[PDB]
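Here is the structure we will look at, set down as structure tokens.
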Amino acid sequence: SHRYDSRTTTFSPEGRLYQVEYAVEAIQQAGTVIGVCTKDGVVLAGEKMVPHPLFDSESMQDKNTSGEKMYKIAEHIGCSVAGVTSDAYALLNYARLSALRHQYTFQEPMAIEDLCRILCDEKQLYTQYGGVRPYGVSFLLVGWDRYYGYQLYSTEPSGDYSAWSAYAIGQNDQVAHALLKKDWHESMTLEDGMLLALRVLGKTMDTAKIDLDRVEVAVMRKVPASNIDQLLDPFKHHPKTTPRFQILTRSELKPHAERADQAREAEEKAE
Amino acid sequence: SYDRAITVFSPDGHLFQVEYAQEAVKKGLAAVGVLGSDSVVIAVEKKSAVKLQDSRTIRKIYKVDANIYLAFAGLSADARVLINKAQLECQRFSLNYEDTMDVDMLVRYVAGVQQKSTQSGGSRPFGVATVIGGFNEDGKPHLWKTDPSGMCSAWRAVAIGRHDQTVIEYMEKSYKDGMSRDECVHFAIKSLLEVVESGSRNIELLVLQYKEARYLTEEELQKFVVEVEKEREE
Amino acid sequence: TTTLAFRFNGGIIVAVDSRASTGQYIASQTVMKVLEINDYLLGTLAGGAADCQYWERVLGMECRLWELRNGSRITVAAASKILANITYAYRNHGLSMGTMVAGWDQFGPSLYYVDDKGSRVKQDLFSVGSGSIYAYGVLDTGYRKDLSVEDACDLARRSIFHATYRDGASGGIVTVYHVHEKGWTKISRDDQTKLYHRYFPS
Amino acid sequence: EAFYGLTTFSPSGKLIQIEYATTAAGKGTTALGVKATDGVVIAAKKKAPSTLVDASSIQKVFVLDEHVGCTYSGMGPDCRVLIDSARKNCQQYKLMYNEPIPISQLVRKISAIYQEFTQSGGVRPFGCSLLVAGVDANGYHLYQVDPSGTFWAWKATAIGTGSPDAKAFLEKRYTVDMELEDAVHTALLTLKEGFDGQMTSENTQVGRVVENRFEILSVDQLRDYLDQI
Amino acid sequence: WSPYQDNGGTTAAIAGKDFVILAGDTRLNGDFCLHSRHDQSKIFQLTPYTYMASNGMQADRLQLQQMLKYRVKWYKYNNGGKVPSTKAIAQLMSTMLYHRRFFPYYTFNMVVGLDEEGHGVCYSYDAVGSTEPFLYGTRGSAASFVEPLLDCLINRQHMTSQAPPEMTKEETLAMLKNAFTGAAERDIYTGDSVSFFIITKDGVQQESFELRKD
Amino acid sequence: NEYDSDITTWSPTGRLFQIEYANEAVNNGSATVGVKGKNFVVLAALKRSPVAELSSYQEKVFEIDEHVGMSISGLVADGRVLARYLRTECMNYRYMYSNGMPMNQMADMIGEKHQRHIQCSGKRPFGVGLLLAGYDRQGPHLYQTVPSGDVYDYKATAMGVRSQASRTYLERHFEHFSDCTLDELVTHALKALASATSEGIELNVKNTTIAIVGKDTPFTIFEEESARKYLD
Amino acid sequence: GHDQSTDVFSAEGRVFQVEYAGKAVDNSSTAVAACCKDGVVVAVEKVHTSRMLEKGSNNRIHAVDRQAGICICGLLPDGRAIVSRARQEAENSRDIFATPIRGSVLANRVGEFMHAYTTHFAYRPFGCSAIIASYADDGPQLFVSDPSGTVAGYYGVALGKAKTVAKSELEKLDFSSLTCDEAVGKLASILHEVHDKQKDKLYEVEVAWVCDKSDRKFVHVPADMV
Amino acid sequence: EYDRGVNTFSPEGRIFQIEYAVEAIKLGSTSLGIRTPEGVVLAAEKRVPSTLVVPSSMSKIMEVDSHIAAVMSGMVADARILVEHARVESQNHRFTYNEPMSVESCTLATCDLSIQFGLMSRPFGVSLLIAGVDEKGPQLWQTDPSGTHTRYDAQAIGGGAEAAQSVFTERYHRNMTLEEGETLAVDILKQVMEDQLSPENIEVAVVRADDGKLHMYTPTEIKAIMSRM
Ligand SMILES: O=C(NC1CC1)c1cccc(NC(=O)c2ccc(=O)n(Cc3ccccc3)n2)c1
């Protein structure tokens, strides 16, 4: 049996780890995801795959917990994945448990960067121990914590991760980066970020208009807190606002996609 | 459990997986350590400064305990694991021995984890060198290096990552004992600029004095980069 | 058993008797109850003799491996902490140990008590054992930081003697050690009955 | 005792063992499913190698629990592994929540087993796809699970050999209005398209989700539907 | 049902300047009865210069004796043939008793032999290994009779009369005969006979000595 | 050779090359001889002979219990493993039965231990040959063992380098050994051991060990006093 | 690469590592055995390499229980492993089932054990055929388990290098009539004819039986009958 | 290089990973050891990679116990492991038998850790020399990666070893003083080192027969040796 071991956790001659390089290739094949970190929230816009007219919805009762590209990890943490979808679900479940174990132990939300380290430790493991292949997945995590506010990390199959103001994973990430470079700034509203996210996404998948059918958008923003049950624990402090991960219905997203056609029409006038 | 033997001697005495881990550390960003009279200076290359990375300060020099700080070169994620282990070791140690961990003790622990991973079936080596710097609880400053073979060594100054040996050859020539805080920071900046391009947004620099660890603000650093790049013409 | 130790300006004195009771019959008038761990550290034995002999010997081994591993002597605080972590780990296994750990590290003289439950206390003065109730009476009254080193050994010797004289379990030979910057010295051994005739010469 | 992985990435980023398992899983016979407003139908060819096989004993459609069913294509015995696990999961869930496992949760559980065999050491992936059809609080469902562990809700689909053509023919005839009598009729018509030889209540199996339960049609019940096509 | 039984009897040793004498009585007792008047199990040679003596449960001293005998063989092999010293065996025994701390051997042991300088020594143990060197020793049923007598004739701390010469090995032996003899008279669990072993550098003499049979 | 890399691989002619290669380890160790008289067994082992004024002990010969001991050739570290094993099995046996482990049973054991290391992946053959000499109720015994797990009961034998010549010698004289005295057994061993020395080296107290074991004679490696007597 | 591990079939459904272990048995010294109405006799040619072995060395015939024995053919060490397993089965039968192991059972157990080592990449097949000779409550029985683990009962049997000839000589015997006394003579005689002298210069012939005269105990036959 | 597993014999009866581990010890800095009746001497080329190194930190000689020292050649980190085990074993021996471990017993217990590979992926690429003084007086042993100890009277390990076994053959007699030994040690290092022998470039220690304690020569005391030559 050892003659047939492909030696996934070995170094190659340039200190490269081939299985991790090739997981990355697998990710650059995946549906693009854009993330834009404002100060009023974070936006994830992702390319869905082409919607065959025989696809059904799963008819889930909670519309905001998951979509095709976007998943909620906790009240305050969302992500989007590119790469081997099934690997994603393995990790996503791990990230969910981790965030809730943190909450078990401390009774407060896990910070985004710790959730992220946990996730990427789980990936790093598979690049060092165990003789199996790595997870072929890249997250964009988003969320909000009291330490750093809105955050947006991205992970790689190596287990490295990085914080960004905006970023892209998946198909034409190099191209999308270059375009966010130019148009991101530090003082964006949520609406501005939603625009930027769509202009870039529509520019990477080469469409005149944004194709509502092929796009999912999620937003992580703070909203008024409703269920302050204060007679039930009198000493507990409940913040006025709380984070919410939201996946946009086709209708909530229609305006924002029109408004990004209009800033793609008004950029082909100057030319 | 998977326990195949990954690291093995080849014919001419070499451990290829350890030579290749070391190759992964030559591709990593430079880092530099300098030891003065009352200061250790750790300085590292940043990757650049794309307008997209979070303008919130992310440190590339890591705190391991109150008194101890660690830079690295090589695989980021391997490093992160080593560091977490080091962090957790220093606490284990406090907790067992009340005292805080001497730097050398911490370094030896880390180097042993590195060595251990060149000899454990199932695992490849960490592809990480480290520079570690700090003060014992007796005001004596230290600076160490680990390489992926698990070998550590104390230095008066040191470099790791790309062009380590260009930088170390440089530092052999200049470096004097008993520098001041400010001469250390200078010397480190000077030494890094042997391989890094500008000194603008691609150098983080940490200054360790007994009981006080302080990163240069991007402003304080730039007075030093001009003071130094103006001394490189000559 | 009666053991005591105290810190004063000159260091630490440690003093002990030498009797080992098996309840009512006296097994030994000659137990050594100061264990010389290192040569900067002493520990006393009180309680279960085996327990103290064994775990103090282990401590001595841990102290020595520290010194080999790290090129520098272990501090007292660490040493005591090592022993305290053992006794804590074994708090449910009915060890009987009451121990002092005295030494002089780079932070000066240090004295700890470590018991079978994992307690680890650092005071300037302690007595331990059946006869402690007596020795503190004589000790609490004579103790001052500014004692010389004769006066501190006299005090320590008398307190053990008074314990021996009154307490059935304590007895034999009063041994006194001093712990100073260059290590420890064994100052004296005296039969407690010679000491009766010296302190009370009618 | 082999613990290294068999499925690995290749320089283009592909997991080739999984493409091959996917190839294997489209070499089965045709199975297909049609969701309708009031139920779901799944239907498979049982192409028995010989007439001397007791066709009663061949099961291509399976109950996983009262409310959910599956069929499959590709390698039978691999699928038998999945079905056994899925049955257990349905029951574990009832034991815990004393309600029936929602199809979405069931398929995610299956998906997960498939994924483990794409990463865990020593094993090859499963060379079969499933359709899973069932009814929960969110209504009627029909999912396809592939060996990648990926899964899709569908309104209609087909896995196995004649499947591209069967899918094409379901695209035409499918209507969101469809009731279940028409769904069955459509399912059976779709099979019949690419069926070499007469369809009988022997060489075909059919499952329906109706009301709150999944049932495999009897040969009696199936013969009444096959007299109208 | 207890896993423990006292089989009684008594060991005693006395060190001299170039010898040590070790004695055990040969009665092995059961419950309310006597199994053997000829049990030699109490005394066990470990090396030419080191013996152990054990009181308590005969079964546990047989086990212990073998456990030690094998640690001593290992030691010989791991140290190019040399035998462990009496002091090494003494410390070894303390460590082995203590490793059973939790389900203890019900032995009261002595290790006796010659130190390096060639002087006799005795280590006595409690059940978990507290020891210490001494010049004499007695464990067992008669211990609490013999031990005070040896105190009196060796140390003489209550005699004004100046201490007589160092006791030779013949005089020492007489002393232990006299004290075994008195114990057999008064401790009902000691009697029958005493095996003496005089350990010197030149070897080990044995000597049996009859005690009163009742 | 596609078949010589794994102990679990038969070759198409029915050979196990890793075991033939472990044998090479033994054929290349320092020579050792044993012979068996009526009442005694003698092992004699060549050691390594001084490099000028500059010695070098290695433990070839091992006592194993009072009544048995052994001489090894080949990979010394495997020797030690086997020695530790035999020692331990002999102490267990003597603990249980209060008598020495009989040699035919010990040879059965040492051979089973070897077999356990020639059938599974990631174990490997012992690269060491043993002469095991011992004495029990059935008299003296001398076994040779080999990596393959075979155990031969010999009257005389040698193994290691140039030990073919030691075997030529022993073949002339071995039929007499049942009548010889201990001194002539030892002479015969030494003679045989010397037919295995390189060119103009000769046997002396510092390149030769002798062990004997037999009736009323626990197994005894000979030191420089008793050895000298026999080596002249 | 089809032939390196026993965990692998060739394209014709052969397992080569088993055929190869088989060759180890065929290149080995010859054994024969005969199952009479009064017992089983098994004989085997031991080929020495040295003139200086003790008589008794490298016994290839082992008792496995009072009533059963195994003569090994092929790699003797591998066989002693089987013999150990057979003995554990025999002990188990006595310890748990309080009966001597029937011979068909013993040989099946032996076969199962040998076969197991033909299924898994980590072990190799055994390089020995065991001949099992029993005389328990199932009567006189002679089986052979080969390295594949295939087990077969025989009236007479021959293994090793002279197997083809020795079988021709064993066919001349009348198994219905033949007695353990006669068979010790015949089977030994056979091993002297088929022994090749210019190759294997040193050889004894070890014989063992289990029969009514031996009180159905499996024993080497006294060296007067040979 | 993974063609042959690690437990494999060569056709000459050598385990390949052992022969390779040995090859790695010839790349190491030269170390050496000299038994005298007055004591043992160990000396090592430090072979530092820079003047910026703090030379005490690249310690090729290590106290195992008050009376035992070791000096490695080859992979230093591997040597730290062995010496840690020796230290632990030597101390367990004191603990258990209240006396200092013999030097041989110590070397054994350090080889007892080197047998273990299949557990340890590979052998240690390290040879030690272990000098000490016990009851049998001064002693010098060598461990190999084989796990085979060997008592010696003088030895080298490292790149030097062949040139240094020339010099021992000529100048070493069983009866030299501790100072003539120190001298022969340092001579040999002068001759085989790459760099110029200076008092920081080397490491010298002795275990004296008289006290039975180990002294590590400071740079001062090593000059005091270079002085007389
Ligand atoms: O001798 C013991 N047991 C009996 C069986 C022999 C025996 C066994 C265990 C512990 C002790 N402690 C003491 O006796 C004792 C008595 C007085 C006193 O001041 N200290 C020091 C101390 C300091 C802080 C907190 C608690 C204690 N200790 C004795």
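Each chain of the structure tokens is named A, B, ... in the order shown, its residues numbered from 1; ligands are numbered from 1 in display order.
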Quick check: residues of chain H within 7 Å of chain C, only C-alpha atoms, returned as number ranges by chain. H: 63, 91, 95
Could you write out that same residue set with N, CA and C atoms as a PDB file, in the first residue's frame?
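again_37.pdb, written as the output of this step:
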```pdb
ATOM      1  N   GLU H  63      26.733  18.780  29.733  1.00  0.00           N
ATOM      2  CA  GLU H  63      26.719  18.068  30.975  1.00  0.00           C
ATOM      3  C   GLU H  63      25.533  17.139  30.842  1.00  0.00           C
ATOM      4  N   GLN H  91      19.527  10.790  35.873  1.00  0.00           N
ATOM      5  CA  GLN H  91      18.925  11.277  37.087  1.00  0.00           C
ATOM      6  C   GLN H  91      17.968  10.273  37.680  1.00  0.00           C
ATOM      7  N   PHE H  95      18.033   8.668  41.348  1.00  0.00           N
ATOM      8  CA  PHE H  95      16.861   8.736  42.164  1.00  0.00           C
ATOM      9  C   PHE H  95      16.636   7.396  42.831  1.00  0.00           C
TER      10      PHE H  95
END
```
Just need the residues of chain B within 12 Å of chain D, counting only C-alpha atoms, so spit them out as a list in words.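 Written out as asked, the residues are residues 1, 2, 3, 4, 5, 122 and 123 of chain B.
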Selection: 12 Å around residue 51 (chain F), only C-alpha atoms, excl. self and same-chain fewer than 6 positions, as number ranges by chain: F: 57, 206-207; H: 152-155, 165-170, 172-174
For C-alpha atoms, I'd like the residues from the last selection saved as an mmCIF file, in the first residue's frame.
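This is the output file out-v5.cif:
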```cif
data_model
loop_
_atom_site.group_PDB
_atom_site.id
_atom_site.type_symbol
_atom_site.label_atom_id
_atom_site.label_comp_id
_atom_site.auth_asym_id
_atom_site.auth_seq_id
_atom_site.Cartn_x
_atom_site.Cartn_y
_atom_site.Cartn_z
ATOM 1 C CA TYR F 57 35.277 -2.954 23.640
ATOM 2 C CA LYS F 206 42.319 -8.564 24.157
ATOM 3 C CA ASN F 207 40.802 -9.726 20.903
ATOM 4 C CA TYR H 152 37.114 3.684 23.083
ATOM 5 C CA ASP H 153 40.366 5.161 24.421
ATOM 6 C CA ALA H 154 40.419 7.956 21.890
ATOM 7 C CA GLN H 155 37.972 8.768 19.129
ATOM 8 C CA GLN H 165 42.286 8.723 13.693
ATOM 9 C CA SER H 166 45.609 9.074 11.813
ATOM 10 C CA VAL H 167 46.959 11.271 14.595
ATOM 11 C CA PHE H 168 45.668 9.161 17.488
ATOM 12 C CA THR H 169 47.330 6.035 15.990
ATOM 13 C CA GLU H 170 50.678 7.864 16.123
ATOM 14 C CA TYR H 172 48.092 8.431 21.707
ATOM 15 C CA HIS H 173 49.412 6.117 24.396
ATOM 16 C CA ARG H 174 47.295 4.557 27.145
#
```
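Going from CA of residue 146 (chain A) over to CA of residue 55 (chain B), you cover 17.1 Å.
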Which chains and residue numbers are within 9 Å of ligand 1, counting only C-alpha atoms and all ligand atoms, if I want them as a compact mmCIF listing (two decimals) with N, CA and C atoms, in the first residue's frame?
```
# COMPACT_ATOMS: atom_id res chain seq x y z
N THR C 1 6.81 14.94 65.65
CA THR C 1 7.70 15.76 64.78
C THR C 1 7.51 17.21 65.16
N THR C 2 8.61 17.92 65.22
CA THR C 2 8.52 19.35 65.27
C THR C 2 9.55 19.84 64.29
N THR C 3 9.14 20.72 63.40
CA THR C 3 10.06 21.38 62.51
C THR C 3 9.76 22.84 62.52
N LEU C 4 10.75 23.66 62.37
CA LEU C 4 10.46 25.05 62.16
C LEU C 4 11.48 25.68 61.26
N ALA C 20 10.76 9.54 65.27
CA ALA C 20 9.67 9.02 64.46
C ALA C 20 8.85 8.08 65.30
N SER C 21 7.65 8.50 65.68
CA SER C 21 6.69 7.64 66.36
C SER C 21 5.97 6.73 65.36
N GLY C 23 2.86 5.81 66.38
CA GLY C 23 1.84 6.05 67.38
C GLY C 23 2.41 6.26 68.79
N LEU C 45 10.80 17.39 56.45
CA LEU C 45 9.94 16.25 56.48
C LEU C 45 9.08 16.43 57.73
N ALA C 46 7.78 16.36 57.52
CA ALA C 46 6.78 16.21 58.54
C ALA C 46 5.64 15.45 57.89
N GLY C 47 4.87 14.75 58.69
CA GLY C 47 3.90 13.86 58.11
C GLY C 47 4.52 12.50 57.86
N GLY C 48 3.86 11.78 56.96
CA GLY C 48 4.32 10.53 56.37
C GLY C 48 5.75 10.67 55.90
N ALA C 49 6.65 9.91 56.54
CA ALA C 49 8.06 10.02 56.26
C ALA C 49 8.33 9.58 54.84
N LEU C 95 -1.70 11.45 50.61
CA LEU C 95 -0.38 11.81 51.11
C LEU C 95 -0.49 12.51 52.46
N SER C 96 0.51 12.34 53.29
CA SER C 96 0.65 13.11 54.52
C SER C 96 2.02 13.76 54.43
N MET C 97 2.06 15.03 54.13
CA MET C 97 3.31 15.74 54.06
C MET C 97 3.05 17.14 54.54
N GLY C 98 3.90 17.60 55.41
CA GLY C 98 3.94 19.02 55.67
C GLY C 98 5.39 19.42 55.48
N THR C 99 5.64 20.33 54.60
CA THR C 99 7.00 20.43 54.18
C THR C 99 7.39 21.88 54.21
N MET C 100 8.62 22.15 54.51
CA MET C 100 9.09 23.47 54.22
C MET C 100 10.12 23.40 53.12
N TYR C 112 8.97 28.45 52.07
CA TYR C 112 7.61 28.07 51.72
C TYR C 112 7.21 26.89 52.55
N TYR C 113 5.95 26.79 52.76
CA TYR C 113 5.39 25.61 53.34
C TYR C 113 4.61 24.94 52.26
N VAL C 114 4.73 23.66 52.08
CA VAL C 114 3.89 23.01 51.12
C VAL C 114 3.30 21.79 51.76
N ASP C 115 2.00 21.60 51.66
CA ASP C 115 1.34 20.52 52.38
C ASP C 115 0.84 19.49 51.36
N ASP C 116 0.10 18.51 51.85
CA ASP C 116 -0.25 17.30 51.11
C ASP C 116 -1.37 17.55 50.09
N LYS C 117 -2.13 18.62 50.34
CA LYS C 117 -3.25 19.10 49.55
C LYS C 117 -2.86 20.08 48.45
N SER C 119 -1.24 23.01 49.12
CA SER C 119 -1.10 24.36 49.62
C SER C 119 0.34 24.77 49.50
N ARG C 120 0.56 26.03 49.24
CA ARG C 120 1.90 26.51 49.14
C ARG C 120 1.86 27.92 49.64
N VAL C 121 2.48 28.15 50.77
CA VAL C 121 2.37 29.41 51.45
C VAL C 121 3.77 29.88 51.66
N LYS C 122 3.95 31.17 51.62
CA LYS C 122 5.25 31.76 51.75
C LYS C 122 5.14 32.76 52.89
N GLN C 123 5.63 32.40 54.08
CA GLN C 123 5.70 33.31 55.20
C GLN C 123 7.15 33.39 55.65
N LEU C 125 7.86 32.79 58.83
CA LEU C 125 8.07 31.92 59.97
C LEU C 125 7.08 30.79 59.98
N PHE C 126 7.55 29.58 60.23
CA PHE C 126 6.65 28.48 60.27
C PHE C 126 7.17 27.45 61.21
N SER C 127 6.22 26.72 61.75
CA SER C 127 6.51 25.51 62.47
C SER C 127 5.52 24.51 62.01
N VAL C 128 5.89 23.26 62.09
CA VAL C 128 5.10 22.23 61.49
C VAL C 128 5.27 20.96 62.26
N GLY C 129 4.18 20.26 62.56
CA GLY C 129 4.24 18.97 63.20
C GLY C 129 3.50 18.93 64.51
N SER C 130 3.34 17.76 65.07
CA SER C 130 2.63 17.61 66.32
C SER C 130 3.09 18.69 67.30
N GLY C 131 4.40 18.91 67.36
CA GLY C 131 4.92 19.80 68.37
C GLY C 131 4.96 21.25 67.93
N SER C 132 4.39 21.61 66.80
CA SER C 132 4.44 23.00 66.37
C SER C 132 3.73 23.94 67.35
N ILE C 133 2.59 23.47 67.86
CA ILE C 133 1.79 24.20 68.82
C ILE C 133 2.70 24.65 69.94
N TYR C 136 5.75 27.23 68.47
CA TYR C 136 5.44 28.60 68.13
C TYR C 136 5.43 29.46 69.38
N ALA C 169 5.37 13.16 70.74
CA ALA C 169 5.80 12.69 69.44
C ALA C 169 7.13 13.30 69.03
```
Could you give me, as a list in words, each residue of region 116-168 of chain G that DSSP assigns to strand (DSSP E or B) when run on this structure's backbone?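 So, restricting region 116-168 of chain G to strand (DSSP E or B), we get residues 123, 128, 129, 130, 131, 132, 133, 134, 135, 136, 139, 140, 141, 142, 143, 144, 145, 151, 152, 153, 156, 157, 158 and 159 of chain G.
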All residues 8 Å or closer to residue 147 (chain H), only C-alpha atoms, same chain fewer than 2 positions away omitted, as a PyMOL selection string: (chain F and resi 77) or (chain H and resi 111-115+143-145+149)
Per residue of region 113-151 of chain E within 7 Å of region 84-93 of chain E, which atom pair is closest and at what distance in Å (one decimal), using only C-alpha atoms, listed by chain and increasing number, as CSV?
```
residue,atom,partner,partner_atom,distance
E:113,CA,E:86,CA,5.6
E:114,CA,E:86,CA,6.3
E:115,CA,E:86,CA,6.1
E:123,CA,E:90,CA,6.6
```
Restricted to N, CA, C and O atoms, what would the selected residues look like written as a short mmCIF file (atom, residue, chain, number, x, y, z; two decimals), in the first residue's frame?
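What landed in again-v4.cif:
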```
data_model
loop_
_atom_site.label_atom_id
_atom_site.label_comp_id
_atom_site.auth_asym_id
_atom_site.auth_seq_id
_atom_site.Cartn_x
_atom_site.Cartn_y
_atom_site.Cartn_z
N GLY E 113 24.01 -4.88 55.03
CA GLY E 113 25.17 -5.29 54.30
C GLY E 113 26.37 -4.53 54.75
O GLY E 113 26.43 -4.15 55.90
N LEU E 114 27.30 -4.42 53.82
CA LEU E 114 28.53 -3.69 54.01
C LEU E 114 28.51 -2.48 53.10
O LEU E 114 28.25 -2.61 51.90
N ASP E 115 28.79 -1.31 53.70
CA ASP E 115 29.04 -0.09 52.95
C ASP E 115 30.30 -0.29 52.12
O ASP E 115 30.79 -1.43 52.00
N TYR E 123 19.57 -0.85 56.89
CA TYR E 123 18.45 0.03 56.67
C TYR E 123 17.19 -0.70 57.07
O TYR E 123 17.07 -1.82 56.73
#
```
Of the listed residues F:192, F:221, F:107, F:211, that which approaches chain E most closely, counting only C-alpha atoms: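 Closest to chain E of all the choices is F:221.
For the atom pair formed by CA of residue 54 (chain F) and CA of residue 142 (chain H), the distance is 14.0 Å, given to one decimal.
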Using 12 Å as the limit and counting only C-alpha atoms, can you tabulate each residue of chain A that touches chain G, with its shortest atom-to-atom distance in Å and the two atoms involved, as JSON lines?
```
{"residue": "A:1", "atom": "CA", "partner": "G:121", "partner_atom": "CA", "distance": 6.1}
{"residue": "A:2", "atom": "CA", "partner": "G:121", "partner_atom": "CA", "distance": 9.2}
{"residue": "A:3", "atom": "CA", "partner": "G:1", "partner_atom": "CA", "distance": 9.7}
{"residue": "A:4", "atom": "CA", "partner": "G:1", "partner_atom": "CA", "distance": 10.8}
```
Restricting the output to N, CA, C and O atoms, write the selected residues as a PDB file, in the first residue's frame.
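Result went into result_2.pdb, see below:
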```pdb
ATOM      1  N   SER A   1       0.872  -1.198   0.000  1.00  0.00           N
ATOM      2  CA  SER A   1       0.000   0.000   0.000  1.00  0.00           C
ATOM      3  C   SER A   1       0.901   1.239   0.000  1.00  0.00           C
ATOM      4  O   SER A   1       0.561   2.182  -0.711  1.00  0.00           O
ATOM      5  N   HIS A   2       2.060   1.267   0.689  1.00  0.00           N
ATOM      6  CA  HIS A   2       2.878   2.494   0.692  1.00  0.00           C
ATOM      7  C   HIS A   2       3.382   2.903  -0.708  1.00  0.00           C
ATOM      8  O   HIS A   2       3.814   4.023  -0.871  1.00  0.00           O
ATOM      9  N   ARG A   3       3.367   2.027  -1.723  1.00  0.00           N
ATOM     10  CA  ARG A   3       3.856   2.380  -3.052  1.00  0.00           C
ATOM     11  C   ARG A   3       2.898   3.366  -3.712  1.00  0.00           C
ATOM     12  O   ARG A   3       3.252   4.027  -4.678  1.00  0.00           O
ATOM     13  N   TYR A   4       1.670   3.409  -3.194  1.00  0.00           N
ATOM     14  CA  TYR A   4       0.558   4.116  -3.799  1.00  0.00           C
ATOM     15  C   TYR A   4       0.239   5.375  -2.981  1.00  0.00           C
ATOM     16  O   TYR A   4      -0.794   6.013  -3.165  1.00  0.00           O
TER      17      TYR A   4
END
```
Can you measure CA of residue 60 (chain G) to CA of residue 48 (chain G) for me? One decimal in Å is fine. 12.1 Å
Go through chain C and collect every residue that DSSP, computed from the backbone, puts in alpha helix (DSSP H); the answer should be as JSON, numbers by chain. {"C": [49, 50, 51, 52, 53, 54, 55, 56, 57, 58, 59, 60, 61, 62, 63, 64, 65, 66, 67, 68, 69, 70, 76, 77, 78, 79, 80, 81, 82, 83, 84, 85, 86, 87, 88, 89, 132, 133, 134, 135, 136, 137, 138, 139, 140, 141, 142, 149, 150, 151, 152, 153, 154, 155, 156, 157, 158, 159, 160, 161, 162, 163, 164, 165, 166, 192, 193, 194, 195, 196, 197, 198, 199]}
Report as an NGL selection string all protein, DNA and RNA residues lying within 12 Å of residue 110 (chain C), evaluated on only C-alpha atoms, omitting residues in the same chain fewer than 2 positions from it. :C and (5-14 or 40-43 or 75-80 or 100-108 or 112-113 or 121-125 or 179-181)
All residues 12 Å or closer to residue 205 (chain G), only C-alpha atoms, same chain fewer than 2 positions away omitted, as an MDAnalysis selection string: chainID G and resid 29:32 42:48 55:61 184:185 187:195 202:203 207:208 220:221 223 225:226
